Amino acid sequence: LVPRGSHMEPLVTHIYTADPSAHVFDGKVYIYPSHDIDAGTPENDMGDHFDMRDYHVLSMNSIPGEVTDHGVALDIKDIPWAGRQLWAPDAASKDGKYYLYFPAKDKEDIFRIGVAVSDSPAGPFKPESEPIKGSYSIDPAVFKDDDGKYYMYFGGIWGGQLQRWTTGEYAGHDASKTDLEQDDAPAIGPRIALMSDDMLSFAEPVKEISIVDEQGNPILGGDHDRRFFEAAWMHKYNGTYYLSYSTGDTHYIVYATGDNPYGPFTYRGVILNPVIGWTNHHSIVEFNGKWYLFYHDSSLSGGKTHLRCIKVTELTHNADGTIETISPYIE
């Protein structure tokens, strides 16, 4: 039991970890990451090489600090609706219950988002027997706004299948493997829905978020440096709403700002430059008055994209609301 997270070192090494969603529950940091395994499945752009099967919840009392692995919180074998692939999760707390939101493919090989419930932030969690009605695609972030309303941000293109949901019904397994394939049109936007009071469903039809440049024009499909790929995250600073996300094939975490949960959000700049390994996935959390960026890389595995490790670093906002770009391997 030794302290970790002082010089951007891996927070845990006994398992591979990715896609960290960090929260402060009960005055502690709780982290909800994917648990990477060396499944030896084929590698490709639809992500079959990411064949995760369970979640472990991690916690820290301080940063740096000892990282507690609380064991298996949820196993894919116990989720009745799920076929494969437990991808980037998140958690929320309401009225003394804890909710784990997770993307997984159903038995028709279509990504949906499910919820599982516990009395403890560390789990374990009991999955609902079906996924959230009207959910689709991947990478949920459930954000509690200051007014007590909770919103799920979600979506991912390419293997996350968001490009196959243009009409509210799945376009089929022969549909686009990437995006709309119209680079001069506006890019695909992430999704948002207000959550129900009981946290098991959406309280409205799912909305799509507009992301625009500094001149107010939509980010285009061809603009891979700035357009949404996956890993939506929401935080607030100065009353401004910050939508951050991964750009996928250009390997950035970027951010965009707006004045309400639904946007539009105006692209501002880069949160995190590219890491070791193809994927880049993060969260941003305030703990004891300091802001932290949780992220991952493939450093521990010697550069294997599907065997990752989570890390943390301090994140600096300026008073005008801009954020200083982090480069992962400099200081």
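One rule holds for the numbers: they count along the sequence shown, beginning at 1.
- When the C-alpha B-factors of 159-167 and 223-231 are averaged, 159-167 comes out higher.
- Look at the C-alpha B-factors of 40-48 and of 292-300. On average they run higher in 40-48.
- Per the PDB entry, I76 shows the highest C-alpha temperature factor of the residues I76, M152, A91, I188.
- Highest CA B-factor among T250, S244, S210, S129, as stated in the entry: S129.
- Placement of the Cα temperature factor of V57 within the chain: middle third of the modelled residues, per the deposited record.
- Compared with the other modelled residues of the chain, the Cα B-factor recorded for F125 ranks in the middle third.
- Split the chain's modelled residues into thirds by C-alpha temperature factor. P10 is in the highest one.
- For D145, the recorded CA temperature factor ranks within the middle third of the chain's modelled residues.
- Annotation for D139: CA B-factor lies in the lowest third of the chain's modelled residues.
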